[PDB]
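Have a look at the structure below, then the notes.
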Number of protein chains: 6
Amino acid sequence: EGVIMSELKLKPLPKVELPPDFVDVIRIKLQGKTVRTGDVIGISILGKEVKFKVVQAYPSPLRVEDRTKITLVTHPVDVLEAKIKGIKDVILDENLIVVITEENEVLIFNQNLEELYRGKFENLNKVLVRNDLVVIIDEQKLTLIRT
Amino acid sequence: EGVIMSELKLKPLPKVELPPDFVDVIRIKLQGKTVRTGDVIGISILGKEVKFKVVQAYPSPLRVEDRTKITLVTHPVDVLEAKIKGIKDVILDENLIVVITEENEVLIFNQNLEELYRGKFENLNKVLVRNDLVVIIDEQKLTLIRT
Amino acid sequence: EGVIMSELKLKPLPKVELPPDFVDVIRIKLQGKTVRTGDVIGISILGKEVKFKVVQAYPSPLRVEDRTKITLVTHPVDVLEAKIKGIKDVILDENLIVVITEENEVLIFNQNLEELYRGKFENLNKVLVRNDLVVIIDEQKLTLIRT
Amino acid sequence: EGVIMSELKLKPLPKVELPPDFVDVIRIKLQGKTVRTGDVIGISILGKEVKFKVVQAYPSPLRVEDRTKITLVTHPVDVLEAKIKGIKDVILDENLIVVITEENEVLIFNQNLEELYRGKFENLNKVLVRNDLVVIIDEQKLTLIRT
Amino acid sequence: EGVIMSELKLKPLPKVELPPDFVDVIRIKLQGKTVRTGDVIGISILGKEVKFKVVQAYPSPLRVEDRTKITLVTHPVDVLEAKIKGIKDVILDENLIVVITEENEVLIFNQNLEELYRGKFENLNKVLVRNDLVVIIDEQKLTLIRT
Amino acid sequence: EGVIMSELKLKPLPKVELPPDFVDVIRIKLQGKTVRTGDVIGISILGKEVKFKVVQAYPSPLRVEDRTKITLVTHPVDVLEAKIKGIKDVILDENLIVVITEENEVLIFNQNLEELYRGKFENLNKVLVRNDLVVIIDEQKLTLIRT
């Protein structure tokens with residue numbers, strides 16, 4: 001009477017990014033076979049050995065059929081890099097990134113490392129930042145920048 | 001029934017200044033036609049070809065009607081500048097901007113760069129800002145300002 | 001149909017106090033005429049030219065009738081000043097203002113710049129202010145002040 | 001059958017010594033008028049503008065008559081004092097008062113200036129306080145005190 | 001339906017800790033007598049006289065019966081002490097106590113002064129404590145401790 | 001409205017491996033009896049004596065019933081350690097661990113002391129960490145790391 005769902009949680013041992021359709025392939029290949037938590041399976045892909053560990057099966061044992069839901073667990077970080085030669089000083093705020101170069105130029109980026117504001121000021125003396133609001137101070141004038 | 005908000009965002013490829021009433025002209029002409037994100041439309045103004053790109057439509061597709069909100073995008077952030085020659089020191093607070101000039105005068109603006117208070121004190125020694133309350137301190141007396 | 005009220009806001013360019021019945025007299029003279037924001041009117045009072053500017057007409061334009069509400073604005077913020085000669089140190093707290101004078105005397109005021117407590121201590125060494133409580137420390141004695 | 005008395009409590013904002021019969025004069029002037037809590041009245045005394053505030057009226061609104069009792073209060077805040085000779089250092093916490101004497105003795109009082117804990121430590125080196133928990137550090141012993 | 005519960009609030013003038021059964025003894029002695037707020041009663045315990053003041057009776061006058069609830073109002077502190085000789089430095093955290101001894105040993109206790117972890121590191125250079133996580137840093141080894 | 005719970009923490013004095021259902025057996029024997037912190041119970045198993053000490057009863061005294069949760073204590077805290085030679089500086093955050101080594105290498109671990117990001121920068125000048133966002137500053141470029 002009570003309906004019980006079937007789900008298998010898998011995790012990859014080597015650090016590699018899988019294609020969008022990887023899940024679809026694993027469904028097609030595994031169906032018909034029975035698996036239990038703790039098993040380790042070796043698959044040859046693109047002439048390279050990749051090991052997959054079964055994290056947990058609900059229920060255990062589990063039989064793989066088209067209806068079974070399969071989920072992959074992964075936790076990689078996104079690394080972004082911008083080449084900057086001759087950095088002078090760096091000011092970091094929880095939700096804003098401000099970098100000053102030796103050339104008396106100020107660049108303002110967001111969390112996504114995208115360029116929003118660019119200005120050069122000969123008489124740049126001080127730069128102040130608070131949350132998402134930024135202000136540039138130069139002997140000639142006051143610049144107020146609002147995001 | 002339930003009312004759902006519709007919005008269309010347009011941006012011009014060339015950098016040109018549009019009249020304030022531009023929105024009024026556009027909506028009246030375009031109503032009745034359907035547009036989808038990515039479309040390109042050409043409009044002739046005073047014998048000049050300007051290309052407008054449809055940045056986004058919510059929902060997509062979108063039907064252009066007088067009741068829909070149409071907005072023009074020009075810059076990612078808002079930039080305001082004020083010429084101030086001979087700045088001595090600048091104090092920045094989340095909701096207050098205080099600038100002190102060599103002439104021993106104190107100017108207090110808000111985030112919108114509008115003038116709220118103006119005073120000059122020969123014996124100006126210290127200026128302090130805390131929360132929505134601001135105070136100016138001079139050897140002869142104390143000025144307390146409530147906003 | 002929702003009803004919209006009628007209100008006119010006026011501001012005087014010169015800083016002068018108007019008689020108590022001034023407002024009522026102006027109302028009588030104006031009613032019957034239509035006014036719009038930005039208009040400037042000149043009135044001769046006791047051989048002195050006082051210029052009044054129309055700050056805002058709600059709605060614009062506005063018709064002046066007996067039923068219309070009239071408000072005169074003097075200042076946008078509240079400025080209070082107190083004479084204090086020979087200030088040595090000043091401590092600001094979210095809801096308290098404490099001033100220490102070279103004469104070894106401590107004055108405690110509230111946000112409204114009113115005097116609550118006055119005490120002088122020959123051997124005054126430290127003044128501690130936190131949130132809403134005040135404590136004065138001198139080598140001879142300890143004073144506990146509860147707001 | 002029920003007895004109901006009429007009383008008004010007034011407080012003067014400026015700190016000035018009033019003559020013994022001052023209350024008598026005020027009563028004579030005020031009777032016949034009705035007053036409500038919070039009202040502020042300005043009176044000229046000896047060529048000085050004194051502001052009197054109505055602290056409370058029992059009952060409110062109160063009608064001043066010959067039989068109405070008026071009391072003069074002059075306590076804007078609660079002030080307590082303790083005599084202490086040779087204080088070494090004072091540490092103030094949100095809800096605790098800790099005083100260290102030159103004789104390497106530690107006394108802990110509450111907001112009410114009452115004695116809760118008392119100890120002496122020859123090798124007293126440091127005192128640490130955070131929240132409602134306090135600890136005393138001496139070269140020989142670690143003392144932990146829970147409020 | 002309206003059942004009225006009776007309560008008597010007592011407070012002692014001298015500060016002393018009472019045994020758990022103290023309340024029971026008082027009740028036995030009092031029943032049968034009538035008491036009103038403000039009365040003073042003297043009880044001899046352990047050869048020392050203690051004076052108890054009746055803080056308030058609800059309702060008054062109250063007749064003491066077995067069914068009356070008696071409550072004692074006091075604000076005493078709990079003192080726990082551990083012998084520790086040769087303390088080097090002490091760091092206090094909101095819910096953790098970390099002590100470093102001259103012998104380069106690190107002790108981690110909780111608020112109750114109970115020992116959770118004991119370790120010793122010859123090359124102890126720094127100790128960091130924040131939130132429910134603590135870490136010990138020595139030039140040879142890095143230790144991560146989850147509490 | 002109010003939920004009540006009972007828990008007993010027990011610890012064995014001799015080091016012996018107990019079966020998974022050992023807890024169940026103890027429960028059956030003890031129920032019906034009252035226990036208090038500090039009591040010692042002796043159980044005969046296979047002719048060998050094993051003593052169990054009652055570490056703490058919550059609340060105390062406690063009556064053991066089928067609904068009471070019984071827990072066995074073995075590891076009060078989780079300690080994990082890694083060998084690291086030549087540590088230069090260490091910065092700890094509530095949910096992030098950043099370590100900098102003398103060899104100009106930067107290691108970023110999570111709470112579980114697992115490698116998430118590992119890189120080396122000859123010209124490493126400054127390292128700044130805030131919340132789950134990490135930034136590395138080197139003369140060559142700016143590195144932004146998003147968790």
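Simple scheme: letters A, B, ... for chains in structure tokens order, numbers from 1 for residues in each chain, numbers from 1 for ligands in the order shown.
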
**OP:** Skip residue 35 of chain C itself and residues of its chain fewer than 5 positions away, then list as a list in words all residues within 8 Å of it, counting only C-alpha atoms.
**Re:**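 These residues fall inside the cut-off: residues 57, 61, 62, 63 and 64 of chain C.
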
Deliver the residues from the most recent selection as a file, using N, CA, C and O atoms, as a short mmCIF file (atom, residue, chain, number, x, y, z; two decimals), in the first residue's frame.
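What landed in result.cif:
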```cif
data_model
loop_
_atom_site.label_atom_id
_atom_site.label_comp_id
_atom_site.auth_asym_id
_atom_site.auth_seq_id
_atom_site.Cartn_x
_atom_site.Cartn_y
_atom_site.Cartn_z
N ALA C 57 3.53 71.27 -6.01
CA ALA C 57 2.07 71.30 -6.11
C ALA C 57 1.54 69.88 -6.32
O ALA C 57 1.87 69.23 -7.31
N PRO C 61 -0.88 70.69 -12.27
CA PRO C 61 -1.05 71.95 -11.47
C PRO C 61 -2.03 71.77 -10.31
O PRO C 61 -2.71 70.75 -10.21
N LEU C 62 -2.09 72.78 -9.45
CA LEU C 62 -2.96 72.74 -8.28
C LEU C 62 -3.83 73.99 -8.22
O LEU C 62 -3.35 75.10 -8.47
N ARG C 63 -5.09 73.81 -7.88
CA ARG C 63 -6.01 74.93 -7.71
C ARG C 63 -6.18 75.23 -6.23
O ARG C 63 -6.46 74.32 -5.44
N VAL C 64 -6.02 76.49 -5.85
CA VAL C 64 -6.10 76.86 -4.44
C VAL C 64 -7.54 77.18 -4.04
O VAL C 64 -8.14 78.12 -4.57
#
```

Could I have chain D as a JSON list (two decimals) with C-alpha atoms, in the first residue's frame after it is superimposed on chain A by least squares, pairing all C-alpha atoms in sequence order?
```json
[["chain", "number", "residue", "atom", "x", "y", "z"],
["D", 1, "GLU", "CA", -1.40, 8.45, -7.58],
["D", 2, "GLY", "CA", 1.77, 10.36, -6.69],
["D", 3, "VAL", "CA", 4.61, 9.94, -9.18],
["D", 4, "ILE", "CA", 8.04, 9.08, -7.76],
["D", 5, "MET", "CA", 11.11, 8.90, -10.00],
["D", 6, "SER", "CA", 14.41, 7.18, -9.17],
["D", 7, "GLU", "CA", 17.68, 8.98, -9.86],
["D", 8, "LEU", "CA", 21.29, 8.57, -8.75],
["D", 9, "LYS", "CA", 23.93, 11.29, -9.06],
["D", 10, "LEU", "CA", 27.53, 10.10, -9.36],
["D", 11, "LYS", "CA", 30.79, 12.06, -9.59],
["D", 12, "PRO", "CA", 34.29, 10.77, -10.64],
["D", 13, "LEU", "CA", 37.21, 11.93, -8.51],
["D", 14, "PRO", "CA", 40.00, 11.69, -11.18],
["D", 15, "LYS", "CA", 39.63, 14.13, -14.06],
["D", 16, "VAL", "CA", 39.34, 11.94, -17.16],
["D", 17, "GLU", "CA", 37.24, 12.14, -20.32],
["D", 18, "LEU", "CA", 34.74, 9.29, -20.29],
["D", 19, "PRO", "CA", 33.30, 7.88, -23.59],
["D", 20, "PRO", "CA", 29.67, 8.87, -24.48],
["D", 21, "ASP", "CA", 28.34, 5.38, -23.74],
["D", 22, "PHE", "CA", 30.32, 5.11, -20.47],
["D", 23, "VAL", "CA", 27.17, 5.76, -18.45],
["D", 24, "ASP", "CA", 25.46, 2.87, -20.25],
["D", 25, "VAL", "CA", 28.14, 0.39, -19.19],
["D", 26, "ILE", "CA", 28.06, 1.51, -15.54],
["D", 27, "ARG", "CA", 24.28, 1.07, -15.38],
["D", 28, "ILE", "CA", 24.44, -2.52, -16.64],
["D", 29, "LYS", "CA", 27.09, -3.45, -14.06],
["D", 30, "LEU", "CA", 25.40, -1.78, -11.07],
["D", 31, "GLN", "CA", 21.76, -2.90, -11.46],
["D", 32, "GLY", "CA", 20.65, -5.43, -8.84],
["D", 33, "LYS", "CA", 22.72, -3.80, -6.07],
["D", 34, "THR", "CA", 21.56, -1.28, -3.47],
["D", 35, "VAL", "CA", 23.51, 1.92, -2.82],
["D", 36, "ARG", "CA", 23.42, 4.65, -0.17],
["D", 37, "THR", "CA", 24.68, 8.24, -0.31],
["D", 38, "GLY", "CA", 28.34, 8.60, 0.67],
["D", 39, "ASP", "CA", 29.48, 5.14, -0.50],
["D", 40, "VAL", "CA", 32.73, 4.91, -2.47],
["D", 41, "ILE", "CA", 33.28, 2.22, -5.11],
["D", 42, "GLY", "CA", 36.52, 1.33, -6.90],
["D", 43, "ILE", "CA", 36.42, 0.16, -10.52],
["D", 44, "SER", "CA", 39.26, -0.78, -12.87],
["D", 45, "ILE", "CA", 39.05, 0.99, -16.24],
["D", 46, "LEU", "CA", 41.69, 0.53, -18.96],
["D", 47, "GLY", "CA", 44.21, -0.48, -16.28],
["D", 48, "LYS", "CA", 43.54, 2.60, -14.14],
["D", 49, "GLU", "CA", 41.93, 2.72, -10.70],
["D", 50, "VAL", "CA", 39.03, 5.17, -10.85],
["D", 51, "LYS", "CA", 37.09, 6.05, -7.71],
["D", 52, "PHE", "CA", 33.42, 6.94, -8.08],
["D", 53, "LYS", "CA", 31.54, 8.60, -5.22],
["D", 54, "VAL", "CA", 27.77, 8.53, -4.77],
["D", 55, "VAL", "CA", 26.90, 12.20, -4.34],
["D", 56, "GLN", "CA", 23.20, 11.70, -3.65],
["D", 57, "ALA", "CA", 20.40, 9.16, -3.97],
["D", 58, "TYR", "CA", 16.73, 10.04, -4.49],
["D", 59, "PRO", "CA", 15.15, 8.23, -2.67],
["D", 60, "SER", "CA", 17.72, 6.78, -0.26],
["D", 61, "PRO", "CA", 18.38, 3.87, -0.03],
["D", 62, "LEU", "CA", 18.16, 3.51, -3.81],
["D", 63, "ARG", "CA", 17.81, 0.20, -5.63],
["D", 64, "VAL", "CA", 19.34, 0.25, -9.11],
["D", 65, "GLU", "CA", 17.07, -1.18, -11.80],
["D", 66, "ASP", "CA", 16.80, -0.98, -15.59],
["D", 67, "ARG", "CA", 14.50, 2.05, -15.22],
["D", 68, "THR", "CA", 16.84, 3.99, -12.89],
["D", 69, "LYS", "CA", 18.26, 7.18, -14.40],
["D", 70, "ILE", "CA", 21.96, 7.87, -13.80],
["D", 71, "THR", "CA", 23.55, 11.30, -14.28],
["D", 72, "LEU", "CA", 27.25, 12.17, -14.44],
["D", 73, "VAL", "CA", 28.24, 15.37, -12.63],
["D", 74, "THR", "CA", 31.67, 16.96, -13.08],
["D", 75, "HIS", "CA", 31.40, 20.23, -11.15],
["D", 76, "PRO", "CA", 33.44, 20.02, -7.87],
["D", 77, "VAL", "CA", 33.24, 23.80, -7.45],
["D", 78, "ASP", "CA", 31.73, 26.92, -9.02],
["D", 79, "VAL", "CA", 34.01, 28.57, -11.60],
["D", 80, "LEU", "CA", 33.29, 31.95, -13.20],
["D", 81, "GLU", "CA", 35.59, 33.95, -15.48],
["D", 82, "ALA", "CA", 35.71, 37.55, -16.70],
["D", 83, "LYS", "CA", 38.02, 38.92, -19.40],
["D", 84, "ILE", "CA", 40.12, 41.86, -18.19],
["D", 85, "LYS", "CA", 43.03, 43.32, -20.15],
["D", 86, "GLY", "CA", 45.69, 45.41, -18.40],
["D", 87, "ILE", "CA", 44.96, 44.82, -14.72],
["D", 88, "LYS", "CA", 47.08, 47.03, -12.47],
["D", 89, "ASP", "CA", 46.50, 45.56, -9.01],
["D", 90, "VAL", "CA", 43.97, 43.36, -7.21],
["D", 91, "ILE", "CA", 42.74, 43.63, -3.62],
["D", 92, "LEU", "CA", 40.67, 40.80, -2.14],
["D", 93, "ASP", "CA", 38.39, 41.25, 0.88],
["D", 94, "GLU", "CA", 36.34, 38.62, 2.72],
["D", 95, "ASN", "CA", 33.09, 39.60, 0.95],
["D", 96, "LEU", "CA", 34.21, 42.08, -1.73],
["D", 97, "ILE", "CA", 36.31, 42.00, -4.91],
["D", 98, "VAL", "CA", 38.08, 45.26, -5.83],
["D", 99, "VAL", "CA", 40.08, 45.58, -9.05],
["D", 100, "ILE", "CA", 42.14, 48.57, -10.16],
["D", 101, "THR", "CA", 42.96, 48.99, -13.85],
["D", 102, "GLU", "CA", 45.99, 50.69, -15.41],
["D", 103, "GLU", "CA", 43.66, 53.50, -16.58],
["D", 104, "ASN", "CA", 43.12, 54.69, -12.98],
["D", 105, "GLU", "CA", 39.59, 53.28, -12.85],
["D", 106, "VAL", "CA", 38.11, 51.40, -9.89],
["D", 107, "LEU", "CA", 35.61, 48.56, -10.25],
["D", 108, "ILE", "CA", 33.88, 46.88, -7.29],
["D", 109, "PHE", "CA", 32.09, 43.54, -7.63],
["D", 110, "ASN", "CA", 30.51, 41.18, -5.09],
["D", 111, "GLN", "CA", 31.04, 37.43, -4.60],
["D", 112, "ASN", "CA", 28.66, 36.80, -7.53],
["D", 113, "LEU", "CA", 30.92, 38.70, -9.98],
["D", 114, "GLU", "CA", 28.25, 41.37, -10.49],
["D", 115, "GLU", "CA", 28.90, 45.10, -10.85],
["D", 116, "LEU", "CA", 27.90, 47.22, -7.84],
["D", 117, "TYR", "CA", 30.01, 50.38, -8.08],
["D", 118, "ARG", "CA", 32.04, 52.00, -10.86],
["D", 119, "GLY", "CA", 34.10, 55.19, -10.86],
["D", 120, "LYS", "CA", 37.16, 56.78, -12.49],
["D", 121, "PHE", "CA", 39.63, 59.08, -10.73],
["D", 122, "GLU", "CA", 42.46, 60.81, -12.58],
["D", 123, "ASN", "CA", 44.48, 61.24, -9.38],
["D", 124, "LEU", "CA", 43.73, 57.83, -7.82],
["D", 125, "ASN", "CA", 46.49, 57.31, -5.26],
["D", 126, "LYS", "CA", 45.29, 54.72, -2.75],
["D", 127, "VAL", "CA", 42.45, 52.27, -2.11],
["D", 128, "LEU", "CA", 41.48, 51.21, 1.42],
["D", 129, "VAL", "CA", 39.13, 48.35, 2.30],
["D", 130, "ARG", "CA", 38.04, 46.90, 5.64],
["D", 131, "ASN", "CA", 34.99, 44.83, 6.58],
["D", 132, "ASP", "CA", 31.91, 45.66, 4.42],
["D", 133, "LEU", "CA", 33.00, 49.33, 4.12],
["D", 134, "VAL", "CA", 35.20, 50.67, 1.31],
["D", 135, "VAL", "CA", 36.81, 54.06, 0.67],
["D", 136, "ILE", "CA", 38.66, 55.48, -2.35],
["D", 137, "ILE", "CA", 41.32, 58.17, -1.92],
["D", 138, "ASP", "CA", 42.16, 60.61, -4.72],
["D", 139, "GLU", "CA", 44.07, 63.89, -4.50],
["D", 140, "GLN", "CA", 40.87, 65.86, -5.20],
["D", 141, "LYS", "CA", 38.10, 63.87, -3.49],
["D", 142, "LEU", "CA", 37.23, 61.54, -0.64],
["D", 143, "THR", "CA", 34.67, 58.88, -1.61],
["D", 144, "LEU", "CA", 32.86, 56.86, 1.06],
["D", 145, "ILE", "CA", 30.83, 53.82, 0.01],
["D", 146, "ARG", "CA", 28.50, 51.94, 2.35],
["D", 147, "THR", "CA", 27.45, 48.41, 1.42]]
```

**OP:** Pick out each residue of chain B that DSSP on the backbone tags as strand (DSSP E or B); I need them as an MDAnalysis selection string.
**Re:** chainID B and resid 7:12 34:35 40:45 48:58 62:63 69:72 78:83 87:93 96:101 105:109 115:120 124:130 133:138 141:146

**OP:** Write out as a PyMOL selection string all residues of segment 2-63 of chain E that DSSP puts in alpha helix (DSSP H) for this structure's backbone.
**Re:** chain E and resi 22-30

Would you mind exporting N, CA and C atoms of the selected residues as a tab-separated table (two decimals), in the first residue's frame?
```tsv
chain	number	residue	atom	x	y	z
E	22	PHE	N	14.81	22.97	53.55
E	22	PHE	CA	14.52	24.16	54.34
E	22	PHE	C	13.07	24.60	54.11
E	23	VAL	N	12.65	24.59	52.85
E	23	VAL	CA	11.31	25.04	52.50
E	23	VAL	C	10.26	24.22	53.26
E	24	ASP	N	10.46	22.90	53.31
E	24	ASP	CA	9.50	22.03	53.97
E	24	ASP	C	9.34	22.39	55.44
E	25	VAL	N	10.45	22.66	56.11
E	25	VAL	CA	10.40	22.96	57.54
E	25	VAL	C	9.62	24.24	57.80
E	26	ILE	N	9.89	25.28	57.02
E	26	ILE	CA	9.18	26.55	57.17
E	26	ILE	C	7.67	26.34	57.06
E	27	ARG	N	7.23	25.62	56.03
E	27	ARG	CA	5.80	25.39	55.82
E	27	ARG	C	5.15	24.78	57.06
E	28	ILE	N	5.79	23.77	57.64
E	28	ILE	CA	5.23	23.10	58.81
E	28	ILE	C	5.02	24.09	59.96
E	29	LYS	N	6.01	24.93	60.22
E	29	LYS	CA	5.93	25.89	61.32
E	29	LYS	C	4.84	26.94	61.09
E	30	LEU	N	4.68	27.38	59.85
E	30	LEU	CA	3.81	28.53	59.56
E	30	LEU	C	2.32	28.18	59.55
```
